[PDB]
Amino acid sequence: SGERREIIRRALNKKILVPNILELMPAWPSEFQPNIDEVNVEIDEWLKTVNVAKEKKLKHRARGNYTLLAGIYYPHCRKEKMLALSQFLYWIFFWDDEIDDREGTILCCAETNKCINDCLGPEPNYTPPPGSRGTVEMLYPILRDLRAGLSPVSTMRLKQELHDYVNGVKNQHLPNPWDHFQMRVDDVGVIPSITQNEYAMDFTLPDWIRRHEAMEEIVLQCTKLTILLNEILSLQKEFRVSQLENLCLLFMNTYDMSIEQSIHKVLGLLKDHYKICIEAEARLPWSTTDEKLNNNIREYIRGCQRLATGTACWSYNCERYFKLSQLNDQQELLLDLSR
Ligand SMILES: CC(C)=CCC/C(C)=C/CC/C(C)=C/COP(=O)(O)OP(=O)(O)O
Ligand SMILES: [Mg+2]
């Protein structure tokens, strides 16, 4: 706790100007699905049905605005796609929020895994068991709808990915910053969103391509990029509740560096990972002849990239992490670690 106390003292009241993160990934553009407002209306009507407290749901909706995040993740999807994707994001955020006792966690995760199995499994049952908790009950219709837009191959991937995320959650002095990063890479719930691009754009990437070293690398780099940008962006929010296991903070503690230096390091890491990810593209098994196949490969990688850029763009466009007034019109964010 000496470590934590020192971290708090060093961080506290510091204001750091952060450059536009999107600039760090110049090749990858940020776009918005045209129907976000209309879909939001559907989502608002849908939210009333969901068994989570009205104030919590509104807080998520006003601060989070997950339909917008989905619109950013999948800007080119047909409008009909938007509802299920928006709904899933609401589920994942609600679910994470409710789970945050230990027994409660084991029970919810088991119930959640069961739902994932019932919905995405070989013998599909979309009916929630009676008395399902709200975060569980809501999931069944969403998985059924997503499955409807997915091939069995895409469905299998989604199922494993959802299991992996739920299990990671169940299985969660200061940790080494590198150790923290790796846990997040294994732990993070981004992958289901990448697979969801297949739903959004109604296509299936072949497993042989998905398992290719270059594709596996692009998925990994994009996962790393999303985590790294999240670390900086969420720093103010996390520090304020004294959640000191944030990578910027860990670098301060581990290397005895200033908060400014640690953020700079993370920014450099982003550039490094962006560069690796871009380099990986040449290595992909592009078809000499197949336009549809190459289109599928292109779409799939764009989905991964959007996970990184979109997460940052959405962060710059909602109030989950900081007051928007903290952002200038060059998209430069002034973090304030006043607590
Ligand atoms: C975990 C979660 C809700 C994932 C939803 C899907 C997803 C991968 C969204 C983008 C990445 C992200 C915001 C991760 C959360 O980081 P964090 O766990 O440090 O939480 P923070 O958003 O408060 O920083
Ligand atoms: Mg975070």
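Restricting segment 227-323 to GluC sites (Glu not before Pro) that sit in a DSSP loop and have at most 16 other Cβ atoms within 10 Å of their own Cβ leaves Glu245, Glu319.
Cβ distances below 4.7 Å define possible disulfide partners, and in the chain the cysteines left without one are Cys77, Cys108, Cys109, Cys115, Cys119, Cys248, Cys277, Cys313, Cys318.
Here r is the Cβ-Cβ distance between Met156 and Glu45 and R0 is 30 Å; the resulting FRET efficiency, rounded to 0.05, is 0.40. If you take the Cα centroid of segment 195-215 and the Cα centroid of segment 249-312, the two points sit 17 Å apart. For the chain, a crude dipole built from +1 on the beta carbon of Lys and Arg and -1 on the beta carbon of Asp and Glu, taken about the Cα centre, is about 640 debye to the nearest 20.
Can you compute the FRET efficiency between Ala62 and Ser287 using 1/(1 + (r/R0)^6), with r the Cβ-Cβ distance and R0 = 56 Å? Round to the nearest 0.05. Step by step, r from the Cβ atoms, then E = 0.80. Candidates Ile106, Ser30, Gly121 compared by Cα position along the dipole of segment 1-155: farthest toward the positive end lies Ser30, with charges placed on Cβ.
Dividing the summed -39500 (n - 2.57) terms of all DSSP H runs of n ≥ 4 by the residue count of the chain sets its mean residue ellipticity at 222 nm at -21000 deg cm²/dmol. With the charge dipole of the chain set up from +1 on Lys and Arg Cβ and -1 on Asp and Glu Cβ about the Cα centre, the Cα lying farthest toward the positive end among the listed residues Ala148, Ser234, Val39 is that of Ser234. For the pair segment 120-181 / segment 1-70, the C-alpha centres are spaced 21 Å from each other.
Methodologically, a virtual Cβ is constructed for each residue, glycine included, from the backbone with ideal geometry; neighbour enumeration extends over all protein chains shown. Taken together, the values in this text are just the output of simple stated rules run on the coordinates, not laboratory data.
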